[PDB]
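In the block that follows, a single chain appears as structure tokens, in the form deposited without S-mercaptocysteine.
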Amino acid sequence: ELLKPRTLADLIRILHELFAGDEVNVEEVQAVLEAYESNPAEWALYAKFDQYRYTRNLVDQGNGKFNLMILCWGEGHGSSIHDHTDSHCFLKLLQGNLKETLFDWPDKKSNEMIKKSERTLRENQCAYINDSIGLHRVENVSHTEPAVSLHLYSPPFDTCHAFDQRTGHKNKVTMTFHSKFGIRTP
């Protein structure tokens, strides 16, 4: 029985319930994430920005069944084109807007990766991606407004691939956390 999360803490409690088992009801998880109304006071602790690139701030480690983190995107900050390491990935906007661009998995041939689609993710909206859907890039294209997003990955992963848009070639990257549970982790 899915109820509206009253607070971020309440959302986290609900997520522990939704991930108690071995599988993932994606539509239910997405619905609960969307239903949480972002309250900046509840997540200010995690919203640690860096001037030069977006930061990943760990919020909850789940049951070891998911990583829940907050990403802080300065004006103009964006990600690589990347995959999600055979995991579910939910992305909910807490503040601002992000542009998501979708790409197909490349062929062996070196070739320009052409976008398949793009969309604008707005405050409180939750998006979902997995490797079967494709690859994506996420960017804060705003010149004036930082963006903050809440990401849930299951199972947790600490590596993924970045793809070179000009060729489709991939390289493995290790994800690092800017902070964990509100504590800067240099």
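Note that residue numbering begins at 1 and tracks the sequence as displayed.
J.: For the stretches 119-127 and 144-152, which has the higher mean C-alpha B-factor as given in the deposited record?
T.: For C-alpha atoms only, the mean B-factor is higher in 119-127.
J.: Tell me which stretch has the larger mean Cα B-factor in this entry, 93-101 or 108-116.
T.: Higher mean C-alpha B-factor: 108-116.
J.: Please place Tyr36 in the lowest, middle or highest third of its chain according to the CA B-factor in the PDB entry.
T.: For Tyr36, the deposited C-alpha B-factor lands in the lowest third.
J.: Thinking about Cα B factors across the chain, which third does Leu3 belong to?
T.: CA B-factor rank for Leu3: highest third.
J.: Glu42: which third of its chain by C-alpha temperature factor?
T.: Lowest third of the chain for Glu42's C-alpha B-factor.
J.: Taking the chain's C-alpha temperature factors as the reference, tell me which third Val24 falls into: lowest, middle or highest.
T.: Middle third.
J.: Per the entry's values, where does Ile133 land by CA temperature factor relative to the rest of its chain, in the lowest, middle or highest third?
T.: Within its chain, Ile133 is a highest-third residue by C-alpha B-factor, going by the deposited values.
This next part talks about the form solved in complex with S-mercaptocysteine, which is not shown.
J.: Can you say which of 149-157, 38-46, 23-31, 58-66 gets within 4.5 Å of S-mercaptocysteine in the bound PDB entry, counting heavy atoms only?
T.: Of the stretches listed, the one contacting the partner is 149-157.
J.: Can we say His77, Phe103 and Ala162 each have a non-hydrogen atom within 4.5 Å of S-mercaptocysteine in the bound PDB entry?
T.: Result no, not one residue of the spot touches S-mercaptocysteine.
J.: Spell out, yes or no, whether the shortest heavy atom distance between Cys126 and S-mercaptocysteine in the bound PDB entry is within 4.5 Å.
T.: No - in the bound PDB entry, heavy atoms of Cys126 and S-mercaptocysteine never come within 4.5 Å of each other.
J.: Residue-level contact is defined here as any heavy atom of the residue lying within 4.5 Å of S-mercaptocysteine in the bound PDB entry; does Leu71 satisfy this criterion?
T.: Yes - in the bound PDB entry, heavy atoms of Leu71 and S-mercaptocysteine come within 4.5 Å of each other.
J.: Is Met113 part of the interface with S-mercaptocysteine in the bound PDB entry - any heavy atom within 4.5 Å?
T.: Although S-mercaptocysteine is absent here, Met113 would stay clear of it in the bound PDB entry, with no heavy atoms inside 4.5 Å.
J.: Considering only heavy atoms, tell me if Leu93 and S-mercaptocysteine come within 4.5 Å of each other in the bound PDB entry.
T.: Although S-mercaptocysteine is absent here, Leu93 would stay clear of it in the bound PDB entry, with no heavy atoms inside 4.5 Å.
J.: Where, within 84-102, is there a heavy atom within 4.5 Å of S-mercaptocysteine in the bound PDB entry? Residue list please.
T.: The stretch 84-102, when checked against S-mercaptocysteine in the bound PDB entry, contributes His84, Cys89, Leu91 at the 4.5 Å heavy-atom cut-off.
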